[PDB]
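>
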Amino acid sequence: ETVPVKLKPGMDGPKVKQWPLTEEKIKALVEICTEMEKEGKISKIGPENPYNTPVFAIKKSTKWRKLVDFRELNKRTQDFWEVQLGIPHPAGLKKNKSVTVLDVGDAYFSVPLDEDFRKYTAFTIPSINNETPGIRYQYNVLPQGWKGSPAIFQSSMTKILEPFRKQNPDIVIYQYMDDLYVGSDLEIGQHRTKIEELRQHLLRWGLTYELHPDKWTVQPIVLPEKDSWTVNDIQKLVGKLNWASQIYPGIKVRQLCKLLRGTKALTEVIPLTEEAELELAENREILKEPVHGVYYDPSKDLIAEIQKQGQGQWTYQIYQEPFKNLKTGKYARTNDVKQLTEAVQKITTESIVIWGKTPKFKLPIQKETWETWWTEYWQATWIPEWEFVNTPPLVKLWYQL
Amino acid sequence: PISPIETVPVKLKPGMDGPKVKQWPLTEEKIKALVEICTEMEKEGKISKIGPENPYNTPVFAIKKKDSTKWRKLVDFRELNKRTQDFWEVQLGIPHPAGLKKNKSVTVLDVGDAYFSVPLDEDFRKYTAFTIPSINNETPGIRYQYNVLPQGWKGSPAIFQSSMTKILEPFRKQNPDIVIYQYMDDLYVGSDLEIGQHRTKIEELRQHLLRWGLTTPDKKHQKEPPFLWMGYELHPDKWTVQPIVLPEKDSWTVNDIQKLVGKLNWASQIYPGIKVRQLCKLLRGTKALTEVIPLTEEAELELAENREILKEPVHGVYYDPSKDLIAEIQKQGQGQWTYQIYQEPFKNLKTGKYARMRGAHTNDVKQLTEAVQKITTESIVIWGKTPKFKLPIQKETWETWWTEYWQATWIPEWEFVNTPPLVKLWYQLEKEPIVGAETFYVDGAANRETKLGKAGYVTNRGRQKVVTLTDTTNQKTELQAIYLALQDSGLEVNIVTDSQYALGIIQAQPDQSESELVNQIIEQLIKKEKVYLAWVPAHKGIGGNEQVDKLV
Ligand SMILES: Cc1cc(C#N)cc(C)c1Oc1nc(Nc2ccc(C#N)cc2)nc(N)c1Br
Ligand SMILES: [Cl-]
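Chains B and A supply the protein sequences, listed in that same order. All letters in the first sequence, in the order written, are residues 6 to 65, 68 to 215, 232 to 356, 362 to 429 by the entry's author numbering. Everything in the second sequence is counted per the entry's author numbering, starting at 1 for the first residue and increasing by one.
1. Who are the near neighbours of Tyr271(A) in its chain, counting only those whose CB is closer than 8 angstroms to its CB and skipping five residues on each side?
2. Exposed or buried, which one is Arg307(A) when buried takes at least 16 other CB atoms within 10 Å?
3. Judging by CA-CA distance, which residue of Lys20(B), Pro14(B), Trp24(B) and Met16(B) is the nearest neighbour of residue 359(B)?
4. What ranges does the beta strand (DSSP E) occupy inside the segment 439-526 of chain A, keeping only unbroken runs of at least 3 residues that lie completely in it?
5. So, with DSSP's three-state summary, where would you put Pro170(B)?
6. On a CA-only basis, which of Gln336(A), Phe346(A), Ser134(A) and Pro1(A) is nearest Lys43(A)? Give me that one, please.
7. Name the chain A residues that come within less than 8 angstroms of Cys280(B), Cβ to Cβ?
8. Are three or more beta carbon pairs between the segment 13-31 of chain B and the segment 132-143 of chain B nearer than 8 angstroms?
9. Can you find the residues in the same chain that come closer than 6 angstroms, C-beta to C-beta, to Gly18(A), ignoring five residues on each side of it along the sequence?
10. Under 9 angstroms Cβ-Cβ, which residues of chain B neighbour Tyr441(A)?
11. Quickly, what does DSSP pair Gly316(A) with across the bridge? List them, please.
12. Is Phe171(A) near ligand 4 - that is, is its Cβ less than 8 angstroms away from at least one heavy atom of it?
13. Mind reading off the beta-carbon distance from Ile37(B) to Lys73(B)? Whole number of angstroms is fine, and I expect it under 8 angstroms.
14. Could you compute how far the alpha carbon of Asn147(B) sits from the alpha carbon of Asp121(B)?
15. If you check the beta carbons only, do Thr497(A) and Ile482(A) fall under 9 angstroms apart?
16. By how many angstroms is the C-alpha of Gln222(A) removed from the C-alpha of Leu193(A)?
17. Find the nearest neighbour of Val245(B) within the set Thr7(B), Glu40(B), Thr253(B) and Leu425(B), judged by alpha-carbon distance.
18. Which residue or residues does DSSP assign as beta-bridge partners of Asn348(A)?
19. Of all the CB atoms in chain A, is at least one closer than 9 angstroms to the CB of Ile178(B)?
20. Can you round the beta-carbon distance between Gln23(A) and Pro150(A) to whole angstroms, since I take them to be within the 8 angstroms contact cut?
21. How long is the line joining the alpha carbons of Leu349(B) and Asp471(A), rounded to whole angstroms?
22. Go to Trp229(A), then tell me how far its beta strand (DSSP E) extends in each direction, as first and last residue.
23. Runs of 3 residues minimum, wholly inside the segment 146-214 of chain A: which ones carry the beta strand (DSSP E) assignment?
24. State the beta-bridge partners of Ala355(B) as determined by DSSP.
25. Pop quiz: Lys49(B) and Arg143(B) are said to be a contact at Cβ under 8 angstroms. What is the actual Cβ separation, rounded to whole angstroms?
26. Quick check on DSSP: helix, strand or coil for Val60(A)?
27. Can you determine whether any heavy atom of ligand 1 sits closer than 8 angstroms to the C-beta of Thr400(A), and answer yes or no?
28. When you compare the CB of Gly316(A) with every CB in chain B, is at least one pair closer than 9 angstroms?
29. Looking at chain B, is there any beta carbon in it that lies within less than 9 angstroms of the beta carbon of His361(A)?
30. Looking at the structure shown, is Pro119(B) part of a helix, part of a strand, or coil, going by DSSP?
31. Answer yes or no: the CB of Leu349(B) versus the heavy atoms of ligand 2, is any distance below 8 angstroms?
32. Only counting the same chain, and skipping five residues up and downstream in sequence, which positions put a Cβ closer than 6 angstroms to that of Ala158(B)?
33. Which residues in chain B have a C-beta closer than 8 angstroms to the C-beta of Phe87(A)? List them in chain order.
34. Closer than 9 angstroms, CB to CB, is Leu246(B) near chain A or not?
35. Given the structure, does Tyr319(B) come close to ligand 2, in the sense that its CB is under 8 angstroms from one of the ligand's heavy atoms?
36. Can we count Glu138(B) as close to ligand 1, meaning its CB is less than 8 angstroms from some heavy atom?
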């Protein structure tokens, strides 16, 4: 039985260009795709299917996994997986001591896909140097990566989990795309034991890492504490406070740019004053805490900005409206884009757990550069949306750790 | 002549229905030609006669052939095409020679009547109904519908290639060592077999094709190396661009120069160090295609330099999958990069150039990286792997820049090669403020409707100066104030600004810019021995800033 799937009215299916792939990945892809089609999960298609979505290969661990970018299709089915049914997000997942993530994407290969929808899942395996025509398939079953699959499999998932939920009321289990998020406050050993227990239920219906979200704390905008202070140091200080002021209600710089009078040499050392030293402390109190006045709005996109801090350090902020930081963080520790990619995956993962959606990223890197390389390090089964931007040199500085 | 291949299901866009276009009257010689053409086509199965049952119709007409005395049936599918579903695009692109493997013998087979040899979907045929008009439209016409892919219909190119690819598949799967490329009507076939055993492999293909409806002319008329293909000249184990003739002219039109550029750009695929900068600067501006553009001196010498390079033939080499690709890049006229890609030095598989400004302000290290990135994507498309690079930059130069810059970046495995001019950083800004260097607090600021600007500075050594700039922007004034401070200070100097914009520019360490001012500011930065640039919030009462802020 196939739950009929309708696109958003007035939109057509995706027609996205296949990126060029390396010989090594193409070959992995044919292997994978010939096996998938014997099994009848995908079928070869004719020219009368005009649609396309991008496909590539990653390492899940020496073994190729296939990854379809349904970012565009997802946008065009949206209404469906977001507001017809559509999986509700547990508010306490982010409060657990331990949450484990498990891949249950294999489950969707079981369920048939609505025939009048299959044609929208078309993808192409390109050939090197354009020497032969791409080989072309659509899906016959719920595809991994399409946000429709968990929405449709939803009904079967709560059935699979009911006894286990019934037996552990205080364990939280949230599905997102191809992953199951399972959280508890058990001690880590007892948590791992419940996970294996859960794996056994899953195992009877078809099926084959650890977060501690309650230890996620914000990265404050930090104010240096100095032995001695220069004009230059105080100006930097007045800058940073002035930015934090456009966000954090309460920030006061009055007593501080007091010290900065006239026309002093940048290297002149200027005395600390009480009411200044007090303004600096009182400002620290504020930067420590959540932003008074900022809330998640379930109907707006999440944005995530990242800044390259150098030396393997990256800073980030998540907001819906600019400067109203919902969260702020860092990521630490070779390869600039490898790191960026890890950082995006870390940030995406936290975002899924807290709000139950992926942010659109503002990436400090050359489009072409990122487009070339990111698949070299990607390990998630989802892909967030992203743009590319040039970090305003000051923003980098103000979020410096 | 009509393939037994299964048809592709077709249908019209979701809302729409088949065309119902009125046939206009034709002259009588034209009606005569149509009747005999269509009578030939009908006896061959291509079309067949229908009754007035069929609601749909599409205009036909006929034209005289090639100054000769034949006619060709033309059908106007405008409306059918507008009502027909979209298809998968045929080719994502065409192979590059540099990516081709070498073959002893090659043969081109041409599929006769390609489209009329592929059946058209039974359910869709009705929508192709056309009518041959009777004389003066007095009596009802002769009505036909297509049974095969019509010339000029929207789906024919896509359905033919797919058809040919299903049919080709077995032969391919059974002859992995022999290679076939399909493009439209033609089949290009390559083997490392010897002329005898290859021609035998051809016949098996031909007879396989014929088993499937597709006829091909024979072994008596099949051409020889070299082969002309997509603007290239292909030989068994080398390749080159088709012969490129640069005219001798005393007067060049806008049009002549455009053609001249295109041919040079084309030649640059395999001819090393072709430059078009000076010829391209001629195109800048608005001029008719017929108008004459006096070449400049630089442009006249470029054309000269190019004409030498093209003198001696050069060829490219084909790809050996078992060896790495090396890519080498050189600097040329500012913003121009050339590159070669080889597997054995220095037998190039191909060459090329890169010349693009990203942003208004770049430096050589940014440009080189963009070129590495562009060349890497090209290699993946052509060869399916990335090249080992050789680059005119010290590992230390690149390493200083990567960290200095706030943008993320990465280039594959590469090594230094000493091929001047070397790319480098021409200055570096101080990380920390400088002791014993004058601190200039600068500030520029315009009037939004007047466009009158005042730039200037105050100093901790009590020096100060303001100037009046005319018809400039608030942008340009903040930059002029930086320039001012660079001119009037010594070899060391700390500059304090309020312009995040100006900060952005300089902090990125440009060495090129569209801007005259910025190139001025750069010249100064080079000559200095220490510059520290710092930013402060505008009108937030910051000591030094307010002073030079009121005073403007
Ligand atoms: C067989 C062939 C002929 C012509 C044409 N014309 C053009 C193309 C694109 C061809 O296909 C291929 N040719 C070659 N090498 C090759 C070698 C020598 C010559 C010669 N002479 C031509 C092509 N390698 C491939 N992988 C493919 Br697919
Ligand atoms: Cl909230």
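Ideal Cβ positions, reconstructed from N, Cα and C, are used throughout, including at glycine.
Result, derived from the coordinates:
1. On the second sequence, position 271 is the one that residue 271(A) refers to. Spatial neighbours of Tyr271(A) in its own chain (CB-CB distance under 8 angstroms, excluding positions within 5 residues in sequence) are listed in chain order as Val241, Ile309, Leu310, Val314 and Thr351.
2. As a working note, residue 307(A) is residue 307 in the second sequence. Exposed.
3. Missing from the coordinates is residue 359(B); the shown part of chain B jumps over it, going from 356 to 362.
4. Counting only runs of at least 3 residues, the segment 439-526 of chain A fully encloses the following beta strand (DSSP E) elements, listed from N- to C-terminal order: 439-446, 453-459, 464-469 and 492-497.
5. Your numbering for residue 170(B) matches position 163 in the first sequence. If DSSP states are grouped into helix, strand and coil, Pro170(B) belongs with the helices.
6. The residue given as residue 43(A) occupies position 43 in the second sequence. With distances taken between Cα atoms, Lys43(A) lies closest to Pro1(A).
7. Taking the first residue of the first sequence as position 1, residue 280(B) is located at position 257. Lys540, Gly541, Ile542 and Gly543, listed in chain order.
8. Result yes; three or more Cβ-Cβ pairs closer than 8 angstroms.
9. Here residue 18(A) refers to the residue found at position 18 of the second sequence. Cβ neighbours of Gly18(A) beyond the five flanking positions: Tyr56 and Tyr127.
10. The residue labelled residue 441(A) in the question sits at position 441 within the second sequence. At a beta-carbon threshold of 9 angstroms, the residues of chain B lying near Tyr441(A) are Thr286, ordered along the chain.
11. One-based indexing of the second sequence puts residue 316(A) at position 316. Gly316(A) is bridged to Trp239(A).
12. Judged by which ligands are present, ligand 4 is missing from the structure shown, whose ligands are ligand 1 and ligand 2.
13. Translated into the one-based positions of the first sequence, residue 37(B) becomes position 32. Translated into the one-based positions of the first sequence, residue 73(B) becomes position 66. Between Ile37(B) and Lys73(B) the beta-carbon gap is near 5 angstroms, inside 8 angstroms, which marks them as a contact.
14. Stepping through the first sequence from its first residue, residue 147(B) is reached at position 140. Stepping through the first sequence from its first residue, residue 121(B) is reached at position 114. Approximately 8 angstroms between the Cα atoms of the pair.
15. Numbered from its first residue, the second sequence carries residue 497(A) at position 497. Numbered from its first residue, the second sequence carries residue 482(A) at position 482. Result yes, Cβ atoms of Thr497(A) and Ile482(A) sit closer than 9 angstroms.
16. Along the second sequence, read from residue 1 onward, the residue named residue 193(A) stands at position 193. Along the second sequence, read from residue 1 onward, the residue named residue 222(A) stands at position 222. In this model, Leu193(A) and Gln222(A) are separated by some 17 angstroms (Cα to Cα).
17. As a working mapping, residue 245(B) is identified with position 222 in the first sequence. Nearest option by C-alpha distance: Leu425(B).
18. As a first step, residue 348(A) must be located in the second sequence, where it is residue number 348. Partner(s): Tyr342(A).
19. Translated into positions along the first sequence, residue 178(B) becomes position 171. At a cut-off of 9 angstroms between beta carbons, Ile178(B) makes no contact with chain A.
20. As a first step, residue 23(A) must be located in the second sequence, where it is residue number 23. As a first step, residue 150(A) must be located in the second sequence, where it is residue number 150. About 16 angstroms separates the two Cβ atoms, so there is no contact after all.
21. Translated into positions along the first sequence, residue 349(B) becomes position 326. Translated into positions along the second sequence, residue 471(A) becomes position 471. Looking at the two C-alpha atoms, the distance is approximately 44 angstroms.
22. As a working mapping, residue 229(A) is identified with position 229 in the second sequence. Segment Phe227 to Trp229, the beta strand (DSSP E) holding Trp229(A).
23. Counting whole runs of 3 or more residues, the segment 146-214 of chain A contains the beta strand (DSSP E) stretches 179-183 and 186-191.
24. Taking the first sequence and counting its residues from 1, one reaches residue 355(B) at position 332. Beta-bridge pairing links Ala355(B) to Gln336(B).
25. Walking along the first sequence from the start, residue 49(B) turns up at place 44. Walking along the first sequence from the start, residue 143(B) turns up at place 136. Yes, they are in contact, since the Cβ atoms of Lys49(B) and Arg143(B) sit about 7 angstroms apart, within 8 angstroms.
26. Mapped onto the second sequence, residue 60(A) falls at position 60. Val60(A): strand per DSSP, three-state reduction.
27. Counting from 1 along the second sequence, the entry for residue 400(A) is found at position 400. Short note on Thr400(A): C-beta not closer than 8 angstroms to any heavy atom of ligand 1.
28. Numbered from 1 along the second sequence, position 316 holds the residue referred to as residue 316(A). Chain B, which has no Cβ nearer than 9 angstroms to the Cβ of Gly316(A), makes this no.
29. Locating residue 361(A) in the second sequence gives position 361, where the first residue counts as 1. For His361(A), the answer is no, since every Cβ of chain B falls outside 9 angstroms of its Cβ.
30. In the first sequence, residue 119(B) corresponds to position 112, counting from 1. DSSP places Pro119(B) in strand when its eight states are reduced to three.
31. Taking the first residue of the first sequence as position 1, residue 349(B) is located at position 326. Yes, since a heavy atom of ligand 2 falls inside the 8 angstroms radius drawn around the Cβ of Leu349(B).
32. Taking the first residue of the first sequence as 1, we reach residue 158(B) at position 151. Closer than 6 angstroms at Cβ, skipping near neighbours: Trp88, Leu92 and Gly93.
33. As a working mapping, residue 87(A) is identified with position 87 in the second sequence. Chain B residues near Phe87(A): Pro52, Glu53 and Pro55.
34. Within the first sequence, residue 246(B) is the residue found at index 223, counting from 1. No, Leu246(B) does not count as interfacial toward chain A.
35. In the first sequence, residue 319(B) corresponds to position 296, counting from 1. Yes, the Cβ of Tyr319(B) comes within 8 angstroms of a heavy atom of ligand 2.
36. The residue given as residue 138(B) occupies position 131 in the first sequence. At least one heavy atom of ligand 1 is nearer than 8 angstroms to the Cβ of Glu138(B), so yes.
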